[PDB]
>>> print(open('final.cif').read())   # mmCIF, N, CA and C atoms
data_structure
#
loop_
_atom_site.group_PDB
_atom_site.id
_atom_site.type_symbol
_atom_site.label_atom_id
_atom_site.label_comp_id
_atom_site.auth_asym_id
_atom_site.auth_seq_id
_atom_site.Cartn_x
_atom_site.Cartn_y
_atom_site.Cartn_z
ATOM 1 N N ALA A 1 26.472 86.147 -56.365
ATOM 2 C CA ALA A 1 25.974 87.110 -55.343
ATOM 3 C C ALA A 1 26.609 86.790 -53.988
ATOM 4 N N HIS A 2 27.578 85.915 -53.968
ATOM 5 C CA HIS A 2 28.238 85.562 -52.678
ATOM 6 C C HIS A 2 29.669 85.094 -52.949
ATOM 7 N N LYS A 3 30.318 84.541 -51.961
ATOM 8 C CA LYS A 3 31.716 84.064 -52.162
ATOM 9 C C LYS A 3 31.714 82.551 -52.392
ATOM 10 N N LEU A 4 32.195 82.112 -53.525
ATOM 11 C CA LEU A 4 32.222 80.649 -53.808
ATOM 12 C C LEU A 4 33.420 80.013 -53.098
ATOM 13 N N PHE A 5 33.275 78.789 -52.664
ATOM 14 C CA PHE A 5 34.396 78.101 -51.959
ATOM 15 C C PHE A 5 34.887 76.915 -52.794
ATOM 16 N N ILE A 6 36.179 76.769 -52.931
ATOM 17 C CA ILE A 6 36.724 75.634 -53.729
ATOM 18 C C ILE A 6 37.530 74.707 -52.817
ATOM 19 N N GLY A 7 36.897 73.719 -52.251
ATOM 20 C CA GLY A 7 37.631 72.780 -51.358
ATOM 21 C C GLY A 7 38.013 71.529 -52.149
ATOM 22 N N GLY A 8 38.717 71.703 -53.232
ATOM 23 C CA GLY A 8 39.128 70.533 -54.057
ATOM 24 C C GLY A 8 40.423 70.874 -54.791
ATOM 25 N N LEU A 9 41.135 71.858 -54.315
ATOM 26 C CA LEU A 9 42.406 72.251 -54.980
ATOM 27 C C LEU A 9 43.476 71.191 -54.714
ATOM 28 N N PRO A 10 44.379 71.073 -55.647
ATOM 29 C CA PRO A 10 45.488 70.106 -55.570
ATOM 30 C C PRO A 10 46.583 70.619 -54.628
ATOM 31 N N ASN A 11 47.554 71.321 -55.150
ATOM 32 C CA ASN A 11 48.648 71.842 -54.279
ATOM 33 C C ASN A 11 49.713 72.531 -55.136
ATOM 34 N N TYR A 12 49.874 72.106 -56.361
ATOM 35 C CA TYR A 12 50.903 72.733 -57.239
ATOM 36 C C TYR A 12 50.338 73.995 -57.898
ATOM 37 N N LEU A 13 49.262 74.524 -57.383
ATOM 38 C CA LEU A 13 48.677 75.754 -57.989
ATOM 39 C C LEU A 13 49.135 76.982 -57.200
ATOM 40 N N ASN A 14 48.923 78.154 -57.734
ATOM 41 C CA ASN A 14 49.344 79.388 -57.016
ATOM 42 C C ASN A 14 48.185 80.394 -56.996
ATOM 43 N N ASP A 15 48.245 81.420 -57.803
ATOM 44 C CA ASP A 15 47.141 82.421 -57.816
ATOM 45 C C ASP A 15 46.562 82.517 -59.226
ATOM 46 N N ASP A 16 47.406 82.512 -60.217
ATOM 47 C CA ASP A 16 46.913 82.604 -61.620
ATOM 48 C C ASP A 16 46.431 81.230 -62.083
ATOM 49 N N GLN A 17 46.852 80.187 -61.421
ATOM 50 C CA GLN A 17 46.403 78.827 -61.825
ATOM 51 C C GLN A 17 45.053 78.541 -61.176
ATOM 52 N N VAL A 18 44.963 78.721 -59.890
ATOM 53 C CA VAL A 18 43.671 78.477 -59.196
ATOM 54 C C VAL A 18 42.662 79.528 -59.658
ATOM 55 N N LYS A 19 43.141 80.613 -60.207
ATOM 56 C CA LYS A 19 42.217 81.675 -60.689
ATOM 57 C C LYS A 19 41.739 81.323 -62.098
ATOM 58 N N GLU A 20 42.650 81.032 -62.987
ATOM 59 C CA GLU A 20 42.246 80.676 -64.377
ATOM 60 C C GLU A 20 41.249 79.515 -64.335
ATOM 61 N N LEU A 21 41.196 78.806 -63.241
ATOM 62 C CA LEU A 21 40.241 77.669 -63.134
ATOM 63 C C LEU A 21 38.849 78.224 -62.838
ATOM 64 N N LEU A 22 38.749 79.104 -61.880
ATOM 65 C CA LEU A 22 37.424 79.694 -61.548
ATOM 66 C C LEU A 22 37.174 80.898 -62.457
ATOM 67 N N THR A 23 37.991 81.075 -63.461
ATOM 68 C CA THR A 23 37.794 82.230 -64.380
ATOM 69 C C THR A 23 37.328 81.725 -65.747
ATOM 70 N N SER A 24 37.130 80.442 -65.883
ATOM 71 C CA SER A 24 36.670 79.895 -67.191
ATOM 72 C C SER A 24 35.227 80.335 -67.435
ATOM 73 N N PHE A 25 34.509 80.636 -66.388
ATOM 74 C CA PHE A 25 33.099 81.074 -66.547
ATOM 75 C C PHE A 25 33.053 82.593 -66.721
ATOM 76 N N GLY A 26 34.023 83.289 -66.194
ATOM 77 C CA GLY A 26 34.034 84.773 -66.330
ATOM 78 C C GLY A 26 35.080 85.366 -65.386
ATOM 79 N N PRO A 27 35.097 86.669 -65.323
ATOM 80 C CA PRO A 27 36.034 87.415 -64.466
ATOM 81 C C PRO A 27 35.562 87.379 -63.008
ATOM 82 N N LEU A 28 36.475 87.345 -62.077
ATOM 83 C CA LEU A 28 36.075 87.303 -60.642
ATOM 84 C C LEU A 28 36.288 88.673 -60.002
ATOM 85 N N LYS A 29 35.325 89.150 -59.262
ATOM 86 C CA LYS A 29 35.486 90.467 -58.598
ATOM 87 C C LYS A 29 36.345 90.274 -57.348
ATOM 88 N N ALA A 30 36.517 89.048 -56.924
ATOM 89 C CA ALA A 30 37.352 88.791 -55.716
ATOM 90 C C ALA A 30 38.030 87.426 -55.843
ATOM 91 N N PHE A 31 39.120 87.230 -55.154
ATOM 92 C CA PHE A 31 39.826 85.924 -55.236
ATOM 93 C C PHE A 31 40.693 85.733 -53.989
ATOM 94 N N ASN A 32 40.886 84.512 -53.575
ATOM 95 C CA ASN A 32 41.720 84.254 -52.369
ATOM 96 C C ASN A 32 42.100 82.772 -52.332
ATOM 97 N N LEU A 33 43.045 82.406 -51.511
ATOM 98 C CA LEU A 33 43.451 80.974 -51.436
ATOM 99 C C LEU A 33 43.604 80.565 -49.973
ATOM 100 N N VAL A 34 43.456 79.301 -49.679
ATOM 101 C CA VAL A 34 43.591 78.851 -48.265
ATOM 102 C C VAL A 34 44.496 77.619 -48.185
ATOM 103 N N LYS A 35 45.675 77.798 -47.647
ATOM 104 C CA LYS A 35 46.638 76.669 -47.505
ATOM 105 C C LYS A 35 47.674 77.046 -46.439
ATOM 106 N N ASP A 36 48.007 76.143 -45.555
ATOM 107 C CA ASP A 36 49.002 76.478 -44.498
ATOM 108 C C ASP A 36 50.222 77.141 -45.140
ATOM 109 N N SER A 37 51.002 76.390 -45.868
ATOM 110 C CA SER A 37 52.206 76.980 -46.519
ATOM 111 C C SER A 37 52.984 77.800 -45.489
ATOM 112 N N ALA A 38 52.840 77.479 -44.231
ATOM 113 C CA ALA A 38 53.566 78.241 -43.178
ATOM 114 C C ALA A 38 54.241 77.268 -42.206
ATOM 115 N N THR A 39 53.606 76.166 -41.913
ATOM 116 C CA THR A 39 54.218 75.186 -40.969
ATOM 117 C C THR A 39 54.415 73.844 -41.678
ATOM 118 N N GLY A 40 53.810 73.670 -42.821
ATOM 119 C CA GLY A 40 53.968 72.382 -43.556
ATOM 120 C C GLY A 40 52.599 71.727 -43.749
ATOM 121 N N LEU A 41 51.541 72.454 -43.506
ATOM 122 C CA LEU A 41 50.183 71.871 -43.682
ATOM 123 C C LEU A 41 49.611 72.333 -45.018
ATOM 124 N N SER A 42 48.448 71.862 -45.365
ATOM 125 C CA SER A 42 47.841 72.271 -46.660
ATOM 126 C C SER A 42 46.317 72.207 -46.559
ATOM 127 N N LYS A 43 45.690 73.292 -46.188
ATOM 128 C CA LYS A 43 44.204 73.293 -46.083
ATOM 129 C C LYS A 43 43.628 72.589 -47.310
ATOM 130 N N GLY A 44 43.907 73.100 -48.477
ATOM 131 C CA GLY A 44 43.398 72.450 -49.714
ATOM 132 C C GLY A 44 42.113 73.129 -50.192
ATOM 133 N N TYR A 45 41.965 74.411 -49.981
ATOM 134 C CA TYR A 45 40.722 75.080 -50.465
ATOM 135 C C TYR A 45 40.955 76.581 -50.598
ATOM 136 N N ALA A 46 40.099 77.257 -51.313
ATOM 137 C CA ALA A 46 40.280 78.723 -51.504
ATOM 138 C C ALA A 46 38.917 79.413 -51.581
ATOM 139 N N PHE A 47 38.903 80.667 -51.949
ATOM 140 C CA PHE A 47 37.615 81.406 -52.054
ATOM 141 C C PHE A 47 37.666 82.330 -53.272
ATOM 142 N N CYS A 48 36.533 82.745 -53.767
ATOM 143 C CA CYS A 48 36.531 83.650 -54.952
ATOM 144 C C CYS A 48 35.151 84.282 -55.111
ATOM 145 N N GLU A 49 35.013 85.184 -56.040
ATOM 146 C CA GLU A 49 33.694 85.838 -56.256
ATOM 147 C C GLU A 49 33.617 86.339 -57.694
ATOM 148 N N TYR A 50 32.454 86.281 -58.285
ATOM 149 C CA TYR A 50 32.298 86.749 -59.689
ATOM 150 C C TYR A 50 31.685 88.150 -59.698
ATOM 151 N N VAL A 51 31.689 88.801 -60.829
ATOM 152 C CA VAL A 51 31.081 90.157 -60.905
ATOM 153 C C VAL A 51 29.568 89.996 -61.044
ATOM 154 N N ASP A 52 29.148 88.997 -61.772
ATOM 155 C CA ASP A 52 27.692 88.756 -61.953
ATOM 156 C C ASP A 52 27.240 87.673 -60.969
ATOM 157 N N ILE A 53 25.960 87.528 -60.767
ATOM 158 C CA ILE A 53 25.472 86.485 -59.819
ATOM 159 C C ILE A 53 25.238 85.175 -60.574
ATOM 160 N N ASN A 54 24.471 85.214 -61.630
ATOM 161 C CA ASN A 54 24.207 83.970 -62.405
ATOM 162 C C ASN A 54 25.533 83.266 -62.703
ATOM 163 N N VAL A 55 26.527 84.008 -63.104
ATOM 164 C CA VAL A 55 27.848 83.389 -63.410
ATOM 165 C C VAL A 55 28.239 82.429 -62.285
ATOM 166 N N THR A 56 28.073 82.843 -61.061
ATOM 167 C CA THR A 56 28.438 81.959 -59.918
ATOM 168 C C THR A 56 27.657 80.646 -60.009
ATOM 169 N N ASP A 57 26.360 80.719 -60.135
ATOM 170 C CA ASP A 57 25.553 79.469 -60.228
ATOM 171 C C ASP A 57 26.007 78.661 -61.444
ATOM 172 N N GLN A 58 26.705 79.284 -62.353
ATOM 173 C CA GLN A 58 27.183 78.552 -63.558
ATOM 174 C C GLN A 58 28.450 77.772 -63.204
ATOM 175 N N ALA A 59 29.350 78.387 -62.487
ATOM 176 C CA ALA A 59 30.609 77.688 -62.106
ATOM 177 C C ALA A 59 30.280 76.458 -61.256
ATOM 178 N N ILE A 60 29.216 76.511 -60.499
ATOM 179 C CA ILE A 60 28.851 75.340 -59.651
ATOM 180 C C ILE A 60 28.289 74.229 -60.537
ATOM 181 N N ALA A 61 27.666 74.586 -61.624
ATOM 182 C CA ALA A 61 27.095 73.552 -62.530
ATOM 183 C C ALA A 61 28.221 72.903 -63.338
ATOM 184 N N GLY A 62 29.370 73.521 -63.376
ATOM 185 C CA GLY A 62 30.503 72.938 -64.150
ATOM 186 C C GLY A 62 31.669 72.633 -63.206
ATOM 187 N N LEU A 63 31.402 72.503 -61.935
ATOM 188 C CA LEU A 63 32.499 72.206 -60.972
ATOM 189 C C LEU A 63 31.956 71.354 -59.822
ATOM 190 N N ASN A 64 31.014 71.872 -59.081
ATOM 191 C CA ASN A 64 30.444 71.095 -57.943
ATOM 192 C C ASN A 64 30.210 69.646 -58.374
ATOM 193 N N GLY A 65 30.901 68.718 -57.768
ATOM 194 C CA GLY A 65 30.716 67.287 -58.140
ATOM 195 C C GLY A 65 31.790 66.879 -59.149
ATOM 196 N N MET A 66 33.039 67.053 -58.808
ATOM 197 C CA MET A 66 34.129 66.674 -59.751
ATOM 198 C C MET A 66 35.229 65.928 -58.991
ATOM 199 N N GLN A 67 34.953 64.727 -58.562
ATOM 200 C CA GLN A 67 35.980 63.944 -57.816
ATOM 201 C C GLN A 67 37.304 63.982 -58.574
ATOM 202 N N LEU A 68 38.333 63.474 -57.970
ATOM 203 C CA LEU A 68 39.670 63.467 -58.632
ATOM 204 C C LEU A 68 40.304 62.081 -58.499
ATOM 205 N N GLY A 69 40.800 61.761 -57.337
ATOM 206 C CA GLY A 69 41.435 60.428 -57.132
ATOM 207 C C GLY A 69 41.095 59.915 -55.732
ATOM 208 N N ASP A 70 41.388 60.688 -54.720
ATOM 209 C CA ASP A 70 41.079 60.245 -53.332
ATOM 210 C C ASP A 70 40.308 61.346 -52.601
ATOM 211 N N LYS A 71 39.958 62.400 -53.287
ATOM 212 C CA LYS A 71 39.208 63.502 -52.621
ATOM 213 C C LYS A 71 38.081 63.982 -53.538
ATOM 214 N N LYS A 72 37.107 64.658 -52.992
ATOM 215 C CA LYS A 72 35.980 65.151 -53.832
ATOM 216 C C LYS A 72 36.051 66.676 -53.940
ATOM 217 N N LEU A 73 35.808 67.206 -55.107
ATOM 218 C CA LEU A 73 35.865 68.681 -55.285
ATOM 219 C C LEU A 73 34.717 69.336 -54.513
ATOM 220 N N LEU A 74 35.015 69.973 -53.412
ATOM 221 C CA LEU A 74 33.941 70.633 -52.619
ATOM 222 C C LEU A 74 33.688 72.037 -53.174
ATOM 223 N N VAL A 75 33.256 72.131 -54.403
ATOM 224 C CA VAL A 75 32.994 73.470 -55.003
ATOM 225 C C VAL A 75 31.513 73.821 -54.849
ATOM 226 N N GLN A 76 31.206 74.797 -54.038
ATOM 227 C CA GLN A 76 29.782 75.189 -53.847
ATOM 228 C C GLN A 76 29.712 76.664 -53.444
ATOM 229 N N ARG A 77 28.571 77.119 -53.004
ATOM 230 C CA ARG A 77 28.443 78.545 -52.600
ATOM 231 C C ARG A 77 28.949 78.720 -51.167
ATOM 232 N N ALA A 78 30.019 79.445 -50.992
ATOM 233 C CA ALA A 78 30.562 79.654 -49.620
ATOM 234 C C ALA A 78 29.932 80.904 -49.005
ATOM 235 N N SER A 79 28.707 80.812 -48.569
ATOM 236 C CA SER A 79 28.043 81.996 -47.955
ATOM 237 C C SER A 79 26.862 81.535 -47.103
ATOM 238 N N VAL A 80 27.128 80.874 -46.010
ATOM 239 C CA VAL A 80 26.015 80.405 -45.139
ATOM 240 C C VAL A 80 25.993 81.240 -43.851
ATOM 241 N N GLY A 81 26.646 80.790 -42.806
ATOM 242 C CA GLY A 81 26.668 81.563 -41.526
ATOM 243 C C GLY A 81 25.333 82.279 -41.318
ATOM 244 N N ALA A 82 24.256 81.685 -41.750
ATOM 245 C CA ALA A 82 22.932 82.345 -41.585
ATOM 246 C C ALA A 82 22.002 81.456 -40.758
ATOM 247 N N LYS A 83 21.165 82.056 -39.958
ATOM 248 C CA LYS A 83 20.219 81.260 -39.128
ATOM 249 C C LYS A 83 18.809 81.396 -39.708
ATOM 250 N N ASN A 84 18.688 81.998 -40.861
ATOM 251 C CA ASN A 84 17.346 82.167 -41.483
ATOM 252 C C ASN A 84 17.014 80.932 -42.322
ATOM 253 N N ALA A 85 16.337 79.976 -41.747
ATOM 254 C CA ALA A 85 15.986 78.748 -42.515
ATOM 255 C C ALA A 85 17.267 78.071 -43.007
#
>>> encode(input="final.cif", output="structure tokens")
Amino acid sequence: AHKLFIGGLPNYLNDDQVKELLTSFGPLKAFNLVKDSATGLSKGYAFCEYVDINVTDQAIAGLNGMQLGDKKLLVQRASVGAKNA
């Protein structure tokens, strides 16, 4: 029901690779990536969205909390910017 954020991407991925990763739970109604790739920097995170809502809470149960080597997979719900509680 919101946009999921993936702050644990490596760097050798593109669009079908970072997508097939967040597509193991289902099809995404939206997809995007975040990396400098313009001056030589590398944000290291992207964004995406599923067609169903429960599906999203499912990708977090199979992703959120997946360290790698020197960084932690920051996979969670990217939809805060709210002042309501």
>>> resolve_selection(input="final.cif", expression="the PyMOL selection byres ((chain A and resi 63-78) around 6)", output="short mmCIF file (atom, residue, chain, number, x, y, z; two decimals) with N, CA and C atoms, in the coordinates of the input")
data_model
loop_
_atom_site.label_atom_id
_atom_site.label_comp_id
_atom_site.auth_asym_id
_atom_site.auth_seq_id
_atom_site.Cartn_x
_atom_site.Cartn_y
_atom_site.Cartn_z
N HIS A 2 27.58 85.92 -53.97
CA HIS A 2 28.24 85.56 -52.68
C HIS A 2 29.67 85.09 -52.95
N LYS A 3 30.32 84.54 -51.96
CA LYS A 3 31.72 84.06 -52.16
C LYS A 3 31.71 82.55 -52.39
N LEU A 4 32.20 82.11 -53.52
CA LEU A 4 32.22 80.65 -53.81
C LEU A 4 33.42 80.01 -53.10
N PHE A 5 33.28 78.79 -52.66
CA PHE A 5 34.40 78.10 -51.96
C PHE A 5 34.89 76.92 -52.79
N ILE A 6 36.18 76.77 -52.93
CA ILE A 6 36.72 75.63 -53.73
C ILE A 6 37.53 74.71 -52.82
N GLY A 7 36.90 73.72 -52.25
CA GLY A 7 37.63 72.78 -51.36
C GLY A 7 38.01 71.53 -52.15
N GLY A 8 38.72 71.70 -53.23
CA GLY A 8 39.13 70.53 -54.06
C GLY A 8 40.42 70.87 -54.79
N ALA A 59 29.35 78.39 -62.49
CA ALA A 59 30.61 77.69 -62.11
C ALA A 59 30.28 76.46 -61.26
N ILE A 60 29.22 76.51 -60.50
CA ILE A 60 28.85 75.34 -59.65
C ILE A 60 28.29 74.23 -60.54
N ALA A 61 27.67 74.59 -61.62
CA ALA A 61 27.10 73.55 -62.53
C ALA A 61 28.22 72.90 -63.34
N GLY A 62 29.37 73.52 -63.38
CA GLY A 62 30.50 72.94 -64.15
C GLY A 62 31.67 72.63 -63.21
N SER A 79 28.71 80.81 -48.57
CA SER A 79 28.04 82.00 -47.96
C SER A 79 26.86 81.54 -47.10
N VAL A 80 27.13 80.87 -46.01
CA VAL A 80 26.02 80.40 -45.14
C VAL A 80 25.99 81.24 -43.85
#
>>> atom_distance(input="final.cif", atom1="atom C of residue 54 in chain A", atom2="atom N of residue 10 in chain A")
23.5 Å
>>> atom_distance(input="final.cif", atom1="CA of residue 28 in chain A", atom2="atom N of residue 46 in chain A")
14.3 Å
>>> atom_distance(input="final.cif", atom1="atom C of residue 57 in chain A", atom2="CA of residue 33 in chain A")
20.2 Å
>>> select_by_dssp(input="final.cif", residues="range 54-83 of chain A", states="helix (DSSP H, G or I)", output="NGL selection string")
:A and (54-61)
>>> select_by_dssp(input="final.cif", residues="range 4-82 of chain A", states="strand (DSSP E or B)", output="JSON, numbers by chain")
{"A": [4, 5, 6, 7, 28, 29, 30, 31, 32, 33, 34, 45, 46, 47, 48, 49, 50, 74, 75, 76, 77]}
>>> residues_around(input="final.cif", residues="range 41-43 of chain A", least_positions_apart="5", cutoff="9 Å", atoms="only C-alpha atoms", output="PyMOL selection string")
chain A and resi 7+11+34-36
>>> write_last_selection(input="final.cif", atoms="N, CA and C atoms", output="compact mmCIF listing (two decimals), in the coordinates of the input")
# COMPACT_ATOMS: atom_id res chain seq x y z
N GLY A 7 36.90 73.72 -52.25
CA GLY A 7 37.63 72.78 -51.36
C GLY A 7 38.01 71.53 -52.15
N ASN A 11 47.55 71.32 -55.15
CA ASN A 11 48.65 71.84 -54.28
C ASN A 11 49.71 72.53 -55.14
N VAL A 34 43.46 79.30 -49.68
CA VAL A 34 43.59 78.85 -48.26
C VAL A 34 44.50 77.62 -48.18
N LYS A 35 45.68 77.80 -47.65
CA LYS A 35 46.64 76.67 -47.50
C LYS A 35 47.67 77.05 -46.44
N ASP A 36 48.01 76.14 -45.56
CA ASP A 36 49.00 76.48 -44.50
C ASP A 36 50.22 77.14 -45.14
>>> axis_aligned_box(input="final.cif", around="range 38-57 of chain A", padding_each_side="3 Å", output="lines of an AutoDock Vina configuration file")
center_x = 39.3
center_y = 80.9
center_z = -52.2
size_x = 36.2
size_y = 24.4
size_z = 28.4
>>> closest_residue(input="final.cif", among="A:53, A:18, A:82, A:13", to="residue 1 in chain A", atoms="all atoms listed in the file")
A:53
>>> closest_residue(input="final.cif", among="A:52, A:84, A:45, A:58", to="residue 9 in chain A", atoms="only N, CA and C atoms")
A:45
>>> resolve_selection(input="final.cif", expression="the PyMOL selection byres ((chain A and resi 25) around 8)", output="list in words")
residues 20, 21, 22, 23, 24, 26, 27, 28, 55, 56, 58 and 59 of chain A
>>> decode(input="final.cif", residues="range 35-58 of chain A", atoms="N, CA, C and O atoms", output="PDB file, in the first residue's frame")
ATOM      1  N   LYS A  35      21.016   5.881  -7.604  1.00  0.00           N
ATOM      2  CA  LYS A  35      22.501   5.763  -7.610  1.00  0.00           C
ATOM      3  C   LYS A  35      23.080   6.940  -8.404  1.00  0.00           C
ATOM      4  O   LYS A  35      22.581   7.286  -9.456  1.00  0.00           O
ATOM      5  N   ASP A  36      24.117   7.565  -7.915  1.00  0.00           N
ATOM      6  CA  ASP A  36      24.698   8.721  -8.654  1.00  0.00           C
ATOM      7  C   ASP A  36      24.888   8.341 -10.124  1.00  0.00           C
ATOM      8  O   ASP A  36      24.191   8.825 -10.995  1.00  0.00           O
ATOM      9  N   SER A  37      25.824   7.477 -10.407  1.00  0.00           N
ATOM     10  CA  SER A  37      26.056   7.069 -11.821  1.00  0.00           C
ATOM     11  C   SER A  37      26.132   8.319 -12.700  1.00  0.00           C
ATOM     12  O   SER A  37      25.860   8.275 -13.884  1.00  0.00           O
ATOM     13  N   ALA A  38      26.493   9.436 -12.128  1.00  0.00           N
ATOM     14  CA  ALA A  38      26.582  10.689 -12.927  1.00  0.00           C
ATOM     15  C   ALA A  38      27.909  11.396 -12.635  1.00  0.00           C
ATOM     16  O   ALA A  38      28.515  11.981 -13.512  1.00  0.00           O
ATOM     17  N   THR A  39      28.365  11.352 -11.413  1.00  0.00           N
ATOM     18  CA  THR A  39      29.651  12.027 -11.076  1.00  0.00           C
ATOM     19  C   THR A  39      30.651  10.995 -10.548  1.00  0.00           C
ATOM     20  O   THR A  39      31.831  11.262 -10.437  1.00  0.00           O
ATOM     21  N   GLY A  40      30.190   9.819 -10.222  1.00  0.00           N
ATOM     22  CA  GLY A  40      31.119   8.774  -9.703  1.00  0.00           C
ATOM     23  C   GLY A  40      30.681   8.345  -8.302  1.00  0.00           C
ATOM     24  O   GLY A  40      31.406   7.675  -7.594  1.00  0.00           O
ATOM     25  N   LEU A  41      29.499   8.722  -7.895  1.00  0.00           N
ATOM     26  CA  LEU A  41      29.019   8.329  -6.542  1.00  0.00           C
ATOM     27  C   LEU A  41      28.074   7.139  -6.673  1.00  0.00           C
ATOM     28  O   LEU A  41      27.773   6.688  -7.760  1.00  0.00           O
ATOM     29  N   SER A  42      27.608   6.622  -5.574  1.00  0.00           N
ATOM     30  CA  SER A  42      26.687   5.455  -5.637  1.00  0.00           C
ATOM     31  C   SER A  42      25.763   5.461  -4.419  1.00  0.00           C
ATOM     32  O   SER A  42      26.082   4.905  -3.387  1.00  0.00           O
ATOM     33  N   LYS A  43      24.616   6.077  -4.533  1.00  0.00           N
ATOM     34  CA  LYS A  43      23.670   6.105  -3.383  1.00  0.00           C
ATOM     35  C   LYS A  43      23.606   4.708  -2.770  1.00  0.00           C
ATOM     36  O   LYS A  43      23.932   4.507  -1.618  1.00  0.00           O
ATOM     37  N   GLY A  44      23.205   3.736  -3.543  1.00  0.00           N
ATOM     38  CA  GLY A  44      23.142   2.346  -3.017  1.00  0.00           C
ATOM     39  C   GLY A  44      21.723   2.005  -2.560  1.00  0.00           C
ATOM     40  O   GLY A  44      21.537   1.235  -1.639  1.00  0.00           O
ATOM     41  N   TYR A  45      20.714   2.544  -3.193  1.00  0.00           N
ATOM     42  CA  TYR A  45      19.327   2.196  -2.762  1.00  0.00           C
ATOM     43  C   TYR A  45      18.344   2.483  -3.892  1.00  0.00           C
ATOM     44  O   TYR A  45      18.655   3.176  -4.837  1.00  0.00           O
ATOM     45  N   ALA A  46      17.163   1.933  -3.808  1.00  0.00           N
ATOM     46  CA  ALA A  46      16.162   2.151  -4.889  1.00  0.00           C
ATOM     47  C   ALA A  46      14.752   2.195  -4.295  1.00  0.00           C
ATOM     48  O   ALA A  46      14.571   2.239  -3.096  1.00  0.00           O
ATOM     49  N   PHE A  47      13.751   2.177  -5.134  1.00  0.00           N
ATOM     50  CA  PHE A  47      12.349   2.210  -4.634  1.00  0.00           C
ATOM     51  C   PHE A  47      11.487   1.288  -5.498  1.00  0.00           C
ATOM     52  O   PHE A  47      11.840   0.963  -6.612  1.00  0.00           O
ATOM     53  N   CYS A  48      10.358   0.867  -4.997  1.00  0.00           N
ATOM     54  CA  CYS A  48       9.482  -0.030  -5.803  1.00  0.00           C
ATOM     55  C   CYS A  48       8.091  -0.082  -5.178  1.00  0.00           C
ATOM     56  O   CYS A  48       7.852   0.465  -4.120  1.00  0.00           O
ATOM     57  N   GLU A  49       7.172  -0.740  -5.824  1.00  0.00           N
ATOM     58  CA  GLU A  49       5.794  -0.838  -5.271  1.00  0.00           C
ATOM     59  C   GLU A  49       5.123  -2.091  -5.823  1.00  0.00           C
ATOM     60  O   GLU A  49       5.342  -2.472  -6.958  1.00  0.00           O
ATOM     61  N   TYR A  50       4.310  -2.732  -5.029  1.00  0.00           N
ATOM     62  CA  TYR A  50       3.619  -3.966  -5.494  1.00  0.00           C
ATOM     63  C   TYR A  50       2.181  -3.629  -5.894  1.00  0.00           C
ATOM     64  O   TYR A  50       1.680  -2.561  -5.604  1.00  0.00           O
ATOM     65  N   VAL A  51       1.505  -4.542  -6.536  1.00  0.00           N
ATOM     66  CA  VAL A  51       0.093  -4.282  -6.925  1.00  0.00           C
ATOM     67  C   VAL A  51      -0.793  -4.533  -5.706  1.00  0.00           C
ATOM     68  O   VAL A  51      -1.763  -3.841  -5.471  1.00  0.00           O
ATOM     69  N   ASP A  52      -0.452  -5.522  -4.925  1.00  0.00           N
ATOM     70  CA  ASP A  52      -1.250  -5.833  -3.710  1.00  0.00           C
ATOM     71  C   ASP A  52      -0.570  -5.199  -2.493  1.00  0.00           C
ATOM     72  O   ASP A  52       0.575  -4.796  -2.554  1.00  0.00           O
ATOM     73  N   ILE A  53      -1.258  -5.106  -1.389  1.00  0.00           N
ATOM     74  CA  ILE A  53      -0.638  -4.499  -0.177  1.00  0.00           C
ATOM     75  C   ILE A  53       0.050  -5.588   0.649  1.00  0.00           C
ATOM     76  O   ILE A  53       1.214  -5.486   0.981  1.00  0.00           O
ATOM     77  N   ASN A  54      -0.660  -6.631   0.985  1.00  0.00           N
ATOM     78  CA  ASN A  54      -0.043  -7.723   1.788  1.00  0.00           C
ATOM     79  C   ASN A  54       1.287  -8.133   1.152  1.00  0.00           C
ATOM     80  O   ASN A  54       2.280  -8.320   1.828  1.00  0.00           O
ATOM     81  N   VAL A  55       1.313  -8.271  -0.144  1.00  0.00           N
ATOM     82  CA  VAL A  55       2.576  -8.666  -0.830  1.00  0.00           C
ATOM     83  C   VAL A  55       3.735  -7.822  -0.299  1.00  0.00           C
ATOM     84  O   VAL A  55       4.803  -8.325  -0.012  1.00  0.00           O
ATOM     85  N   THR A  56       3.533  -6.541  -0.170  1.00  0.00           N
ATOM     86  CA  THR A  56       4.623  -5.661   0.338  1.00  0.00           C
ATOM     87  C   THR A  56       5.073  -6.139   1.720  1.00  0.00           C
ATOM     88  O   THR A  56       6.245  -6.355   1.960  1.00  0.00           O
ATOM     89  N   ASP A  57       4.156  -6.305   2.634  1.00  0.00           N
ATOM     90  CA  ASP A  57       4.542  -6.769   3.997  1.00  0.00           C
ATOM     91  C   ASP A  57       5.224  -8.133   3.893  1.00  0.00           C
ATOM     92  O   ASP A  57       5.900  -8.571   4.803  1.00  0.00           O
ATOM     93  N   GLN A  58       5.058  -8.806   2.788  1.00  0.00           N
ATOM     94  CA  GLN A  58       5.702 -10.138   2.622  1.00  0.00           C
ATOM     95  C   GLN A  58       7.164  -9.944   2.216  1.00  0.00           C
ATOM     96  O   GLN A  58       8.052 -10.601   2.720  1.00  0.00           O
TER      97      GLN A  58
END
